[PDB]
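Student: Sharing a structure, written as structure tokens. Questions coming.
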Amino acid sequence: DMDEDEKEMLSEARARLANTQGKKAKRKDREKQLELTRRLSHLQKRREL
RNA sequence: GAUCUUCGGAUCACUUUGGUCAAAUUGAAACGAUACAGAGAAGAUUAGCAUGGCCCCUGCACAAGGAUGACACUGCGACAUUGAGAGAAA
Ligand SMILES: [Mg+2]
Ligand SMILES: [Mg+2]
Ligand SMILES: [Mg+2]
Ligand SMILES: [Mg+2]
């Protein structure tokens with residue numbers, strides 16, 4: 001337990017240090033990812049037609 | 001027509017029309033239904049003020065609210081070289 005719990009906090013800390021984007025960065029990129037993914041299906045409909 | 005007065009002749013009164021349709025689908029609000037997604041500040045929860053306009057609603061308002069109303073970028077570069085080595089073209 002004690003060896004295991006030390007290794008958990010050591011991995012959680014590597015996440016904190018790694019990313020600074022915040023809520024607005026993550027939600028703004030998903031909007032890009034949805035719009036881009038939406039087109040690829042929409043453009044295939046144009047070639048299909 | 002009326003009043004004077006020769007049956008002539010006077011005199012009074014003078015050009016309307018507020019129209020985005022000439023008869024409610026195809027010429028002046030959009031919202032609503034549905035589907036998805038589902039709320040700032042570098043752990044998580046959290047008050048806010050501003051900031052900039054081809055974004056705007058509520059409001060008599062130069063009060064105040066509306067998520068802090070919402071939305072918001074950050075490669076370039078006015079190009080020097082040094083010294084050496086290799087390559088193709090004069
Ligand atoms: Mg306000
Ligand atoms: Mg808030
Ligand atoms: Mg409020
Ligand atoms: Mg504001």
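Letters A, B, ... mark the chains of the structure tokens in the order given; residue numbers begin at 1 per chain; ligand numbers begin at 1, in order shown.
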Check which residues fall inside 12 Å of ligand 4 when counting only C-alpha atoms (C1' of nucleotides) and all ligand atoms, and print them as a count of residues only.

Tutor: 14

Student: Please identify every residue of chain A that has at least one atom no more than 12 Å from any atom of chain B, counting only C-alpha atoms (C1' of nucleotides), and report them as a ChimeraX atom specification.

Tutor: /A:12-13,15-25,27-28,30-31,34,38

Student: Which of these, B:75, B:12, B:47, B:17, has the shortest distance to ligand 3 once you count only C-alpha atoms (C1' of nucleotides) and all ligand atoms?

Tutor: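 Closest to ligand 3 of all the choices is B:47.
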
Student: Quick one, how far is CA of residue 14 in chain A from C1' of residue 45 in chain B?

Tutor: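 Pair CA of residue 14 in chain A / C1' of residue 45 in chain B returns 22.3 Å.
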
Student: Could you check how far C1' of residue 31 in chain B sits from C1' of residue 61 in chain B, in Å to one decimal?

Tutor: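 Taking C1' of residue 31 in chain B as the start and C1' of residue 61 in chain B as the end point, the length is 28.7 Å.
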
Student: For a test of reading the model, state the distance in Å between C1' of residue 1 in chain B and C1' of residue 16 in chain B, rounded to one decimal.

Tutor: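 Separating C1' of residue 1 in chain B from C1' of residue 16 in chain B is a distance of 22.3 Å.
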